[PDB]
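Starting off, we have a lone chain in the form deposited in one PDB entry, written out as structure tokens.
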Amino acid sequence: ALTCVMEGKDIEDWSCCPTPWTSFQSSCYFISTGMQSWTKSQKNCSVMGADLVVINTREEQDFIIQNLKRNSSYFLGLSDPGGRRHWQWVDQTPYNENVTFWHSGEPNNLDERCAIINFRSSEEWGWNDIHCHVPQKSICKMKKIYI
């Protein structure tokens, strides 16, 4: 069961998400309020035909927080599996540090090898590295279905 919207004034352009997902541009976003490790959460999206969310742009980043609660922490699809400060996205796109959104003095721990987005007074939203086994919520992202 897809939900379909007319992108722009063009009429044969219908993009679609499965009902619970929400749309922004070319992609669909789902917030998983269950509490699981990073590993499990990405496998959770892997079924759904998705990955953990990847943030390339400030506008994407902005659209995303409109769906989040500030009292919460959500896994990103961004890690450093070997603690070498060599960051990877789960979708195999490049990691451009000139367009990231870490909190001040994050990342701050070679032992913390996943990344969450969360809310800090005044800094607002931003990224922080934490421990994988520590169960958290997650955001998933896939490409929209077209019809």
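Note that the rigid core is defined as the largest set of C-alphas that superpose within 1.5 Å between two forms. Residues that one form lacks are left out of the comparison. From 1 onward, residues are counted along the sequence shown.
Note that the form deposited in another entry isn't included here; everything after this is about it.
Trainee: Which residue moves between this form and the one not shown, judged by a Cα shift of 2 Å or more on the rigid core: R58, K43, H86, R70?
Mentor: Flagged residue: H86.
Trainee: Tell me whether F30 is among the residues that move between this form and the one not shown (Cα shift of 2 angstroms or more, core superposed).
Mentor: Stays below the 2 Å threshold, so no.
Trainee: After core superposition, I'd like to know whether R113 moves between this form and the one not shown (criterion: C-alpha shift of 2 angstroms or more).
Mentor: No, the C-alpha position differs by under 2 Å between this form and the one not shown.
Trainee: Once you compare with this form, do the C-alpha atoms of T57 and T93 lie closer or farther in the other entry, given a change of 3 Å or more?
Mentor: Farther: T57 and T93 separate by 3 Å or more in the other entry.
Trainee: Quick one: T100 and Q61 C-alpha atoms, closer or farther in the other entry compared with this form (3 angstroms or more)?
Mentor: Farther apart, by at least 3 Å.
Trainee: Please list, in sequence order, every run of 3 or more consecutive shared residues whose CA atoms are displaced by 2 Å or more between this form and the one not shown on a core superposition.
Mentor: That run whose C-alphas all shift by 2 Å or more is 83 to 112, the only one.
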